[PDB]
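Step one of this worksheet: look at the structure below.
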Amino acid sequence: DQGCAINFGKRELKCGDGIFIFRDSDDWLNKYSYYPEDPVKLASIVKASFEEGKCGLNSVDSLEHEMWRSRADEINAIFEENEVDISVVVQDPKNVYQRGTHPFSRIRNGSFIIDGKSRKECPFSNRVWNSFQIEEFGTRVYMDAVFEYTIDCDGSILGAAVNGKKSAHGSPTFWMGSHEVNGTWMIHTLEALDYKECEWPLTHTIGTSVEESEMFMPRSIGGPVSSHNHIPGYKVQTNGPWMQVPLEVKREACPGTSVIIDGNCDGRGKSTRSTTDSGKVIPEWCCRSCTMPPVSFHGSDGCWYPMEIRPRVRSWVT
Amino acid sequence: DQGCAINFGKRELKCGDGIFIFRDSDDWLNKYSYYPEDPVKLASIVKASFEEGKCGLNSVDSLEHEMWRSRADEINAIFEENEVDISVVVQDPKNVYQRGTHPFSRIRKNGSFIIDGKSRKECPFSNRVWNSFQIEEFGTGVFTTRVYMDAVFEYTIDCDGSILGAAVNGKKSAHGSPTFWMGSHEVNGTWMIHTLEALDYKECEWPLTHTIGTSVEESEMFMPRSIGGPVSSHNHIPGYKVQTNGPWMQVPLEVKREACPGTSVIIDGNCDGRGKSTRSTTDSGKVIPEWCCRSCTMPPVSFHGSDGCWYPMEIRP
Amino acid sequence: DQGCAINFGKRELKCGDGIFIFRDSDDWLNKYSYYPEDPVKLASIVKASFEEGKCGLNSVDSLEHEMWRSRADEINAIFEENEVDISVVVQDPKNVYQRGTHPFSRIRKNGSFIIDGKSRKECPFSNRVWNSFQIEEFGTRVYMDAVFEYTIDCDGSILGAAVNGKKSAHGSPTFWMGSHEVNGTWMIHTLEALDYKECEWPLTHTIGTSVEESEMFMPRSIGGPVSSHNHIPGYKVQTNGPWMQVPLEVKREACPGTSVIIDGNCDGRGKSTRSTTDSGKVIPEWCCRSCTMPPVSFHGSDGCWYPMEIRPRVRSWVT
Amino acid sequence: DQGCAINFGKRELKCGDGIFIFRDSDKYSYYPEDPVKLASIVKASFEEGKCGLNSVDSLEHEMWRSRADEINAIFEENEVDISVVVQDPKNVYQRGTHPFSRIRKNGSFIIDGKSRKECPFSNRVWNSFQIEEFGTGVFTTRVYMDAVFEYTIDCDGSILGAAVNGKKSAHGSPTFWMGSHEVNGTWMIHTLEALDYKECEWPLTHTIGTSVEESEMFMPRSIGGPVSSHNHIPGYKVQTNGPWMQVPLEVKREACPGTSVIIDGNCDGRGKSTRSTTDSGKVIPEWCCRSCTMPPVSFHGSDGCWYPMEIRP
C-alpha cells in the first residue's frame, strides 16, 4: 500500500508505506464484478441442500444479493443438461436482510426460493444465512462455501482506524465516524445502505471498554461495541428506526417539529415517526436527559425521532 | 484524508476518503521543533515544584528530551532575568526512562534540578515529576512539523493519544507511533507480528481506547503493557509467550524472524527456558553453537540491539 | 509550488517544492471568468479605436472569444447608458482565429464593432485588432489589461514547457505536444489543438532551441514550438497540412479504411488530401517516397487527412 | 505523471496529467555494468597507457568509492596486478582527455587523486558513463550505468530537468538548482545552489530558450551551466573567475557583515574574486563597484562571503 495522504486540518503531507482504509460505502461497489470460484461446484452443493428440504438461502449483504442477480442467468441454463430441474427464482427484498439459523449440509414445480418472505410454508428460520466466506481481496475469484455457522460479519472486507482523536468503522455497506470532544467520545456520522444482522467481529473494533445500555447502535443490528460508539444523553436504540433504506444520522431538530425539555416523560418508550397516521403535526415533544439538539434521521419515510423524544410508525425490530 | 494509494505494475490508482496512518513517519526521528507553552510560566511551575522538595524531572518520550535540549537556553535566560537561584541541568541517558510519582505541583547557592540522567543517591525517582505534558496539536508547518505542548496538573500513567495511530484492513493491521511501529498479518488462523521496530524504552502505558480489539488477556502478549504496548490480540507471535524480561532497554530494535550467523537452529523440548534474556555473544564477541528453544517455530526470532544479535527467553544456552 | 507527483516508468513518488505543468487541455477554458480591466474603461478604449477607424477584433485564443461573447451584454449596457451608440455584436467562428495586423489606438447608421467577424468584402482582415491584450497573473479568476503594442509572439503568462529527462511537454490552454527520445533522435508522440491560432511560440518558452525550419512537423506560423523536440523522421514541415480544422490529434497509425505501400514512384510532395473523396468513397491505394513505415494521420472534423508525403497512385489551403 | 499540487488554506486541488520536476527530493545505490566487464575495461585502459581516471559528478565518485574494493577483489581472483585507489578531492572534479577503450611490482591506477608530475590529465579518462536507468526500486532511485566508449563534453541527459511556467522557471539537477522569475521585463536569477564543481557542459537540448549570447551569462558555460536567457542577474556580466571551486554555494542577494558597498564611478573593476574578510579574519569595508545594483550579491561557500568580479576593495 504505497501512496500519499493530505489532512487539511493538520496540513500534513506524509507519503510512503503504511496502512490505508477507504470509504467505499457509497455507490462504488458496482465497479468490480464478483465471480464465485468454480460455479460448476456450486450446483452440486445446491442440489445436496435441496435434499433435506431447506427452503433457501437468504443473503446477508447487498454484494451477496448482486452475486445471485448476476449469476441467475449464468447458472440456471447450466444444470439443464444434467436434467436436475431445480428452478432458481430470486425475489427482491429491498434492504431488510434478516438472520437465519442453519449452515449448509454436507455432500452425501420445485423452486429454490431465495430471500423468501414470511410465507406459511416455512418462516425466516430453517434457512442458510451466513455460510460463506471470501477468499482474498474481497483476475481474482473470491468465494468459498464453508460449513461454519458464525454469527458475525466476514472480516476480510471490513476495517477500522484511529489517527489520534479521529475514528472510522468502515464496511462495504456501513460507516460510523467518531471523534473525541470534552474527554468523552461521540458519534458524528452513521450510514447504512442496508439492514444487516451480523455482529461486528471483536478483532476489528477500537477500544472495547464499554457495556450495553450505553451505546447508540445496538450490536444486534451490526453496530460496533466500543467506546467510540456513544452519544451523550442517549442509551441503546433498541426501538429505533433501523429497519429502513439507506440512512443517515444528523444532530439537528427536524424542520416542522420541536422538542421541549420536561421531566414527566414515559421513560424509554418507543420511537415515533414525524408524521402520524392522523395527518396532524404534533409540536409537543418531551425529553428527560437528552441534549437540547435532537438527532434526526434520513431514510425511507424521513424523520424518526429516537425513543427518548416522547410526545403528549413504530419500530418492529424485535 | 483526501489521499490514496498506488500499485506500480498493475497500474491501479483508487482514490477516495478514509483514515491514513503511515510508517515512514517513523523514519524522520529529528524533524520536529517542540514548543512548550511559554518560557515564563513553565519556569515558574518548575520553580514551584522545586519549592516543595522535588529533586527533578524525567523524560517520558524521545521528544521531551529534545524539547528540553532546545529550550534549556530559554529556561536559563528566564532564571537569570528572574534573579532566581534555581537552575536545571540536563544529562543524557541513552534511551532508558523510568517511572515517576508526581505531576507538576499545584499553583500557590546555585539551584539544582536534574531534568533527566543518572539518578543520584540523594533521592529516588519518587521525588521527581514524570508525566505532566499533553499534546494539543501536532503540526502547523506547511511541510515541516512543529509540535506544541500543554500543561497537565494530574498524574496519569497513560500516554497521550494525539500522536498515536492504529488501523486494520483485510488480514492486515498496524499500530503506529512516532518512535514505534508494529505490523501484523493473519495467515492460516490467528494474527502474528511480522514487523516490529522499537527505537526507545518508554514506560507510559498504551491507551485502552486506541487498541484494535480487546479480545486478549495479559497472558500471551509479546510486548508487555507496562513497557508500552497495545493490549490487543494483534500484539503476539504464536509459540512465544510473554516477553516480560527482554532486550527492550537497548538501541533501535528490529525484531526479525530469522536465525543469526554462526549459530545453531535446533528445537529441544527439555532444555532450560523461561528465565532471563541472556546476550547472544560472549565477552569476546564470538558465536556459541549450543542454542536451544522450547516449543517454538522453525524460524527463530532474533533481536538487533546494541551488540547485534540477541535472543528472547525462549532461547537459552 | 508544493505538491506530489508520480512516474509509472521511473517508479517515483517524490514530493516537495518545484515547478508543475498540467494537461488541462480539456474544456477547462470555460470555467475561467474573464474580467477585463475596469469594463467602463474598455468602453472608452473601444470608442477610441473605432474613431480611428478599425473594422473589428478577431480574437487570437478561444479565451478572448469567450470573454467577448460573455461581456458584450455588459459593454452594451455601458455604452447605452453613456450614449455612445457603437453597437457590438459577437459572431461565431468555429475555431479558425486568423491573423490581423493592428494594435489598439491611443486614447483621444449604427456603429458596428464586429468581434471575430467573417472575412467579408466590406473590409479585409486589415483594420482589425488581433493581439492587443495581456494576461496579468495566475494563469475574478483571470484578469486582462489592454496594451498598444503590436505583437506576433503569444502571451507568456499562460504557457508552459518542461523536460524531465527523456520526456517533454509544450503546454498551453489549447495545445499539447509530448515529445520523447528513442535511439538518440527526438520525436512527437502526442499532439492536440482545440483551435487554430497564429501566434508564434515565444523564444523564452521553448526547450532546446537549436534547429531551423524544413525539419519540423508543426511550423512556427501555426503556433508550433521552435525546438528540436518538434520533429518526426521522414517528414519535413507541414506547410500544406490540415491545420484549419476542429480539435485535432496526430496518430502513428494508418486509418482503418486505407493502407500505404512504401514505393519510390510517387508524385512529389504536392498537398494533403483527405482519405474520403467528394462522392463518399475511400481510396485504398497509397504510396510513399521517403516516409517511415508507420504512416501518420490526423483526426479533425472531415475525418482522416494524410500528410504531404502520402499521395494517391479546395483541400487544406493553409500554405 | 498522475501527480498534483496543493492549495493549503484554500483547500483545493488540481490533479491530472503533465510533467513535474522537484528540488528537495534529496538514498542512492549506483550499480555499474558488472564486477567483471568493468574490471576488464579498466584493465585494458591501464594496458593501453592511461594512468587513471577522473570523476565528473558526485555520483560517479561515490560509485567508485563504493565499488573499488570489489573491483580489487575481482582483480585478485582473475590474477592481475592492477590496483585502484580512490583519493578524495574535496568537491573539485577536473577534466580528462580520453574515453574508455573497447574490450580487447604493484601497479597504480588512481581514480581521482593528485596532479603529480607522474603524468598530467592527458593520460586519464573523464566521461565514459551513461545512465540507462534512473530511480526505480524501493525509494532508492537505484542507478545503473553503462560504459560508453566515445568522448563527449556534455553531461548525462537522463538525470536533468528544466521547466518554465507563467513568469517562473527552474533548471534542475541532483546537485544544482537555478530559479528564475520575470519582473519588469527581463528574467533574473533569484536562487542558485551548486553542491559540486563539475566541468561538463549543460546539454543544448535541455536549455529553456537559447536566445542568449555567451557574454551575459552569470554561471559560465565550461563550468557547467545552462545556455539560456534565464541565466543572468541584471547588471552583472559573466563570472569566469568566480568562487565556483567551493563546497555548496548559495547565491544570496544581500550585503555582508561589517561591510558596505557604494557605487563608485571612479574605481576600476572586472578582476578576480576576493573574500570579504582576509587571511587574518578582518573585514574590509571599502567596497566599490561600477554599474551594479543597490543590493549586492555574495556567494556563501566554505569561507563565507565572496564577492564577484565586479566588486573590488
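Residues are referred to by chain and number: the chain letter is A, B, ... according to the order shown in the C-alpha cells, the number counts from 1 in that chain, and ligands are numbered separately from 1 in the order shown.
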Using only C-alpha atoms, what does the table of chain A residues within 9 Å of chain C look like, with each row giving the shortest atom pair and its distance in Å to one decimal, sorted by chain and ascending number, as CSV?
```
residue,atom,partner,partner_atom,distance
A:2,CA,C:13,CA,8.8
A:3,CA,C:13,CA,8.0
A:4,CA,C:4,CA,8.3
A:13,CA,C:3,CA,8.6
A:15,CA,C:13,CA,8.1
A:16,CA,C:13,CA,7.8
```
Would you mind exporting C-alpha atoms of the selected residues as an mmCIF file, in the first residue's frame?
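And here is the file that came out, again_4.cif:
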```
data_model
loop_
_atom_site.group_PDB
_atom_site.id
_atom_site.type_symbol
_atom_site.label_atom_id
_atom_site.label_comp_id
_atom_site.auth_asym_id
_atom_site.auth_seq_id
_atom_site.Cartn_x
_atom_site.Cartn_y
_atom_site.Cartn_z
ATOM 1 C CA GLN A 2 2.191 2.816 -1.336
ATOM 2 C CA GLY A 3 0.537 6.217 -1.505
ATOM 3 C CA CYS A 4 0.060 9.701 -0.102
ATOM 4 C CA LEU A 13 1.776 15.522 3.517
ATOM 5 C CA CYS A 15 3.822 9.608 1.915
ATOM 6 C CA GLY A 16 5.364 6.177 1.547
#
```
Which residues of chain D have any atom within 7 Å of an atom in chain C when counting only C-alpha atoms, and what is the closest pair of atoms for each, with the distance in Å to one decimal? Order the rows by chain and rising number and write it as CSV.
```
residue,atom,partner,partner_atom,distance
D:1,CA,C:7,CA,5.1
D:2,CA,C:6,CA,5.7
D:3,CA,C:5,CA,3.6
D:4,CA,C:4,CA,5.5
D:5,CA,C:3,CA,3.6
D:6,CA,C:3,CA,5.3
D:16,CA,C:22,CA,6.5
D:17,CA,C:23,CA,5.0
D:18,CA,C:22,CA,4.3
D:19,CA,C:21,CA,5.6
D:20,CA,C:20,CA,4.9
D:21,CA,C:19,CA,5.8
D:22,CA,C:18,CA,4.5
D:23,CA,C:18,CA,5.7
D:24,CA,C:16,CA,5.9
D:25,CA,C:14,CA,6.0
D:134,CA,C:10,CA,6.4
D:135,CA,C:10,CA,5.5
D:136,CA,C:11,CA,4.8
D:157,CA,C:165,CA,6.1
D:158,CA,C:165,CA,4.6
D:159,CA,C:165,CA,5.8
D:160,CA,C:165,CA,5.5
D:161,CA,C:164,CA,4.4
D:162,CA,C:163,CA,5.3
D:163,CA,C:162,CA,4.0
D:164,CA,C:161,CA,5.3
D:165,CA,C:160,CA,4.5
D:166,CA,C:157,CA,4.2
D:167,CA,C:157,CA,6.3
D:204,CA,C:208,CA,5.7
D:205,CA,C:208,CA,3.9
D:206,CA,C:208,CA,5.4
D:207,CA,C:208,CA,5.2
D:208,CA,C:207,CA,4.4
D:209,CA,C:204,CA,4.8
D:210,CA,C:209,CA,5.7
D:211,CA,C:203,CA,6.7
```
Show me, as a Markdown table, the residues of chain B having an atom within 10 Å of chain D, each with the closest atom pair and its distance in Å, using only C-alpha atoms.
```
| residue | atom | partner | partner_atom | distance |
| --- | --- | --- | --- | --- |
| B:2 | CA | D:13 | CA | 9.9 |
| B:13 | CA | D:2 | CA | 9.2 |
| B:142 | CA | D:8 | CA | 7.8 |
```
How would the residues just picked look written out with N, CA and C atoms as an mmCIF file, in the first residue's frame?
```
data_model
loop_
_atom_site.group_PDB
_atom_site.id
_atom_site.type_symbol
_atom_site.label_atom_id
_atom_site.label_comp_id
_atom_site.auth_asym_id
_atom_site.auth_seq_id
_atom_site.Cartn_x
_atom_site.Cartn_y
_atom_site.Cartn_z
ATOM 1 N N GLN B 2 -7.851 13.137 2.203
ATOM 2 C CA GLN B 2 -8.051 13.127 0.755
ATOM 3 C C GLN B 2 -6.841 12.549 0.027
ATOM 4 N N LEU B 13 -4.957 2.885 -9.488
ATOM 5 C CA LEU B 13 -4.978 4.135 -8.721
ATOM 6 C C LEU B 13 -6.412 4.371 -8.244
ATOM 7 N N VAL B 142 3.886 24.195 6.965
ATOM 8 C CA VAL B 142 3.393 23.922 5.617
ATOM 9 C C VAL B 142 3.849 22.545 5.147
#
```
Near residue 232 (chain D), within 12 Å and counting only C-alpha atoms, which residues show up once chain neighbours fewer than 3 positions away are dropped, as a CSV table (one decimal) with N, CA and C atoms, in the first residue's frame?
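Writing done, so here's out05.csv:
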```csv
chain,number,residue,atom,x,y,z
D,178,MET,N,18.8,26.3,-10.3
D,178,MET,CA,18.8,27.7,-10.7
D,178,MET,C,17.3,28.1,-10.8
D,179,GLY,N,16.9,29.1,-10.1
D,179,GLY,CA,15.5,29.6,-10.1
D,179,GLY,C,15.3,31.0,-10.6
D,180,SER,N,14.6,31.2,-11.7
D,180,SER,CA,14.5,32.5,-12.3
D,180,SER,C,13.0,32.9,-12.3
D,181,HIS,N,12.8,34.2,-12.3
D,181,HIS,CA,11.5,34.8,-12.4
D,181,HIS,C,11.6,36.1,-13.2
D,182,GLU,N,10.4,36.5,-13.7
D,182,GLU,CA,10.3,37.7,-14.6
D,182,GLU,C,9.6,38.8,-13.9
D,186,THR,N,12.8,41.7,-18.3
D,186,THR,CA,13.7,40.6,-18.4
D,186,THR,C,13.7,39.6,-17.3
D,187,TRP,N,14.3,38.5,-17.5
D,187,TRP,CA,14.4,37.4,-16.5
D,187,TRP,C,15.6,37.7,-15.6
D,188,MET,N,15.6,37.1,-14.4
D,188,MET,CA,16.7,37.3,-13.5
D,188,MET,C,16.7,36.1,-12.5
D,189,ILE,N,17.9,35.7,-12.0
D,189,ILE,CA,18.0,34.6,-11.0
D,189,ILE,C,17.6,35.1,-9.7
D,190,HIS,N,16.9,34.3,-8.9
D,190,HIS,CA,16.6,34.6,-7.5
D,190,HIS,C,16.9,33.5,-6.6
D,191,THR,N,17.6,32.4,-7.1
D,191,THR,CA,18.0,31.3,-6.3
D,191,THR,C,19.0,30.5,-7.1
D,192,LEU,N,20.1,30.2,-6.5
D,192,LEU,CA,21.2,29.4,-7.1
D,192,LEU,C,22.0,28.6,-6.1
D,212,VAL,N,20.5,33.7,-26.3
D,212,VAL,CA,21.4,34.3,-25.4
D,212,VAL,C,22.8,34.3,-26.1
D,213,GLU,N,23.6,35.3,-25.9
D,213,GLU,CA,24.9,35.4,-26.3
D,213,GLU,C,25.9,35.1,-25.1
D,214,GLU,N,27.0,34.4,-25.4
D,214,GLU,CA,27.9,34.0,-24.4
D,214,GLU,C,28.7,35.1,-23.8
D,215,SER,N,28.1,36.2,-23.5
D,215,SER,CA,28.7,37.3,-22.8
D,215,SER,C,27.9,37.9,-21.7
D,216,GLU,N,26.7,37.4,-21.4
D,216,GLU,CA,25.8,37.9,-20.4
D,216,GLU,C,25.2,36.7,-19.6
D,217,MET,N,26.0,35.7,-19.3
D,217,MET,CA,25.6,34.5,-18.6
D,217,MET,C,26.3,34.6,-17.2
D,218,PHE,N,25.5,34.5,-16.2
D,218,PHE,CA,26.1,34.6,-14.8
D,218,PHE,C,27.0,33.4,-14.6
D,219,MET,N,26.4,32.2,-14.6
D,219,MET,CA,27.2,31.0,-14.5
D,219,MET,C,27.8,30.7,-15.9
D,220,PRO,N,29.1,30.4,-16.0
D,220,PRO,CA,29.7,30.2,-17.3
D,220,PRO,C,29.3,28.9,-17.9
D,225,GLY,N,26.7,25.1,-16.9
D,225,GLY,CA,25.6,25.9,-16.6
D,225,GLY,C,24.7,26.2,-17.9
D,226,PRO,N,23.4,26.4,-17.7
D,226,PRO,CA,22.5,26.5,-18.8
D,226,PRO,C,22.9,27.6,-19.7
D,227,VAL,N,22.8,27.4,-21.0
D,227,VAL,CA,23.0,28.5,-22.0
D,227,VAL,C,21.6,29.0,-22.4
D,228,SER,N,21.1,30.0,-21.6
D,228,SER,CA,19.8,30.5,-21.7
D,228,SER,C,19.7,31.9,-21.3
D,229,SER,N,18.6,32.6,-21.7
D,229,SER,CA,18.3,34.0,-21.3
D,229,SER,C,17.9,34.0,-19.8
D,235,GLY,N,22.8,43.6,-14.6
D,235,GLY,CA,23.9,44.5,-14.2
D,235,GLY,C,25.2,43.7,-14.0
D,236,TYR,N,25.2,42.4,-14.1
D,236,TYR,CA,26.4,41.6,-13.9
D,236,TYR,C,26.7,40.7,-15.1
D,237,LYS,N,27.9,40.8,-15.6
D,237,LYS,CA,28.4,40.1,-16.7
D,237,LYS,C,28.9,38.7,-16.3
D,238,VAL,N,29.5,38.0,-17.2
D,238,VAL,CA,29.9,36.6,-16.9
D,238,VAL,C,31.0,36.6,-15.8
D,239,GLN,N,30.8,35.7,-14.8
D,239,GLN,CA,31.8,35.4,-13.8
D,239,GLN,C,32.6,34.2,-14.2
D,251,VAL,N,23.9,31.6,-3.8
D,251,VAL,CA,23.9,33.0,-4.3
D,251,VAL,C,22.8,33.7,-3.6
```
Using only C-alpha atoms, find the residues of chain A whose closest atom to chain B is at most 8 Å away, then write them as an MDAnalysis selection string. chainID A and resid 1:8 10:24 137 155:165 167:168 202:209 227
What residues in region 78-268 of chain B get the DSSP label strand (DSSP E or B)? Please answer as a ChimeraX atom specification. /B:89,96,102,114,128-129,133-134,145-148,150-151,158,165-169,172-177,180-186,191-198,201,205,212,237,240,253-256,267
Just list the residues in region 55-301 of chain C DSSP gives helix (DSSP H, G or I) on the backbone, as a PyMOL selection string. chain C and resi 62-81+203-205
Just-selected residues, C-alpha atoms written as a CSV table (one decimal), in the first residue's frame:
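Writing done, so here's result_9.csv:
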```
chain,number,residue,atom,x,y,z
C,62,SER,CA,-10.7,30.8,-27.5
C,63,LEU,CA,-10.4,32.6,-24.2
C,64,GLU,CA,-10.7,36.0,-25.8
C,65,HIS,CA,-13.7,35.0,-27.9
C,66,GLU,CA,-15.5,33.6,-24.8
C,67,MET,CA,-14.7,36.8,-22.9
C,68,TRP,CA,-16.1,39.0,-25.7
C,69,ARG,CA,-19.2,36.8,-26.0
C,70,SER,CA,-19.8,37.0,-22.3
C,71,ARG,CA,-19.1,40.7,-21.8
C,72,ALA,CA,-20.9,42.0,-24.9
C,73,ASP,CA,-24.1,42.5,-22.8
C,74,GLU,CA,-22.3,44.5,-20.1
C,75,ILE,CA,-20.5,46.7,-22.5
C,76,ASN,CA,-23.7,47.2,-24.4
C,77,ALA,CA,-25.3,48.4,-21.2
C,78,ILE,CA,-22.4,50.7,-20.5
C,79,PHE,CA,-22.4,52.5,-23.9
C,80,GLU,CA,-26.2,52.5,-23.9
C,81,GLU,CA,-26.3,54.3,-20.5
C,203,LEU,CA,11.7,32.0,-27.7
C,204,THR,CA,11.7,32.2,-23.9
C,205,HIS,CA,9.4,29.2,-23.6
```
Counting only C-alpha atoms, what is within 12 Å of residue 194 (chain C), bar same-chain residues fewer than 4 positions away, as a PyMOL selection string? chain C and resi 24-29+61-63+94-97+172-176+243-249+299-301
Selection file, C-alpha atoms, as a PDB file, in the first residue's frame:
```
ATOM      1  CA  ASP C  24      -5.615  20.911 -18.597  1.00  0.00           C
ATOM      2  CA  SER C  25      -6.123  20.960 -22.365  1.00  0.00           C
ATOM      3  CA  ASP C  26      -9.724  19.772 -21.914  1.00  0.00           C
ATOM      4  CA  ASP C  27     -12.781  22.039 -21.841  1.00  0.00           C
ATOM      5  CA  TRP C  28     -11.496  23.789 -18.706  1.00  0.00           C
ATOM      6  CA  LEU C  29     -11.228  27.150 -20.503  1.00  0.00           C
ATOM      7  CA  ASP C  61      -7.384  32.487 -28.457  1.00  0.00           C
ATOM      8  CA  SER C  62     -10.673  30.842 -27.536  1.00  0.00           C
ATOM      9  CA  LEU C  63     -10.435  32.592 -24.161  1.00  0.00           C
ATOM     10  CA  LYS C  94     -15.726  27.720 -35.273  1.00  0.00           C
ATOM     11  CA  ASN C  95     -12.006  27.506 -34.486  1.00  0.00           C
ATOM     12  CA  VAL C  96     -10.288  29.475 -37.254  1.00  0.00           C
ATOM     13  CA  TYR C  97      -8.886  32.560 -35.492  1.00  0.00           C
ATOM     14  CA  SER C 172      -0.946  25.684 -23.306  1.00  0.00           C
ATOM     15  CA  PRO C 173      -4.681  26.025 -22.528  1.00  0.00           C
ATOM     16  CA  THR C 174      -5.442  24.889 -26.113  1.00  0.00           C
ATOM     17  CA  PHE C 175      -2.338  22.919 -27.114  1.00  0.00           C
ATOM     18  CA  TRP C 176      -0.153  19.973 -26.132  1.00  0.00           C
ATOM     19  CA  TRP C 243      -4.312  22.787 -39.737  1.00  0.00           C
ATOM     20  CA  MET C 244      -7.576  24.707 -40.324  1.00  0.00           C
ATOM     21  CA  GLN C 245      -9.848  22.161 -38.633  1.00  0.00           C
ATOM     22  CA  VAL C 246     -11.603  21.475 -35.323  1.00  0.00           C
ATOM     23  CA  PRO C 247      -9.827  19.739 -32.372  1.00  0.00           C
ATOM     24  CA  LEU C 248      -7.095  17.659 -33.997  1.00  0.00           C
ATOM     25  CA  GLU C 249      -4.872  14.757 -32.976  1.00  0.00           C
ATOM     26  CA  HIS C 299      -8.482  13.290 -36.952  1.00  0.00           C
ATOM     27  CA  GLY C 300     -10.496  16.503 -37.166  1.00  0.00           C
ATOM     28  CA  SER C 301     -13.982  17.273 -38.475  1.00  0.00           C
TER      29      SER C 301
END
```
Polymer residues at most 12 Å from residue 139 (chain A), only C-alpha atoms, same-chain spacing of 3 or more positions, as a PyMOL selection string: (chain A and resi 32-37+136+142) or (chain B and resi 10)
